[PDB]
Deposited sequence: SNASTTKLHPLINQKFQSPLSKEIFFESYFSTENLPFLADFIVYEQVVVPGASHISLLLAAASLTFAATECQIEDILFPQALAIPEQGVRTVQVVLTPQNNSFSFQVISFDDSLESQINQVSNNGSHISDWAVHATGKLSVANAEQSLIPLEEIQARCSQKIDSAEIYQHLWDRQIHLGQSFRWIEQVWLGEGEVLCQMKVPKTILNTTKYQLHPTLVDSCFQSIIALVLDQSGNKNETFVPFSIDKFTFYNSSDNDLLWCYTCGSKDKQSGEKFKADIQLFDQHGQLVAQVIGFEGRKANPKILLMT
């Protein structure tokens, strides 16, 4: 009795204006969580909360396309060794949308200590596919580079990505743009029940690292996902191969903000997901972790 691999139960009541989704986050319930290690701690990235909201959406809307807007990640979620954190999605009805807060707390002790991990707005969307163009893009992005450079760039910042977070198999650089080929890790097997697997969303955010491999600065810091203007999920892909096109640059005013648009699409070019106004900010992941 699992509503969604990411959601254990849903609760609503005529005597409550909010709708609740409840989930138990731990390495045993979600094995791939053991593959995102920051300074030796299990950490749930924001991308994961995006996948979680797509799940909730799939349990509340009748349609498949939806959009998450004005996303912020106030506080990172870390899971102590062999620990389990209760995570809730709280949806407040607005005009033809829901304001959402993704929060968590330690169930094993009412409640008083809790944390907010994501906030924003959530509503249905329409199809916009697509399309795309995949061959026009392979022409602008022709400097092949090794995917290891991305993972190594993260490894040096103490962001140790396991197998299930390493979707990017190939990388082509252009002028301020990058095209990644992605394959489903061999350690992931249930992508059919997910709208977008947390690790796939994260890989999409990882693509931006390929535009900042050169930069000088503090080797302790990297660009961490900080805000998103709009994330649109169109439909889930049975495909083991996807393409991810990203473009963006550092803010002219502040060399600590990296702004980008991202497009995840099909082998045939059907747009799977789209990100407008992705902003990452330079940070030491240690300080995010508390």
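Residues of the deposited sequence lacking C-alpha coordinates, counted from 1, fall in the stretches 1-5, 115-126, 308.
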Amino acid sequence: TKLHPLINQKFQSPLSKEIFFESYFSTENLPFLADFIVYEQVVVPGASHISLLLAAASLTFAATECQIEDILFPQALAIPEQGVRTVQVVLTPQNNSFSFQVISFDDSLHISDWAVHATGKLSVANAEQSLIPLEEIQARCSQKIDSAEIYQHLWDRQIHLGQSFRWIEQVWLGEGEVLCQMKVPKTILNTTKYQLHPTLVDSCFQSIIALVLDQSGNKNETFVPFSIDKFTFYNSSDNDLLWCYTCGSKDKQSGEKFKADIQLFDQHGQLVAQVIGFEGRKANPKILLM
From here on, numbers count along this sequence of modelled residues.
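According to the PDB record, 235-243 carries the higher mean C-alpha B-factor of the two stretches 235-243 and 65-73.
Looking at mean Cα B-factors across 185-193 and 146-154, the upper value is held by 185-193. For the set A210, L161, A139, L200, the PDB entry puts the maximum C-alpha B factor at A139. Based on the entry's C-alpha B-factors, the most elevated value among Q129, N220, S104, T119 belongs to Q129. In this PDB entry, the Cα temperature factor of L15 sits in the top third of its chain's modelled residues, the highest group. Ranked within its chain, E279 lands in the lowest third, by CA B factor from the PDB record. Looking at the C-alpha B-factors along this chain, the one for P45 belongs to the lowest third. Sort the modelled residues of the chain by CA B factor and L109 lands in the highest third.
When the CA B factors of the chain's modelled residues are split into thirds, the value for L179 lands in the middle one.
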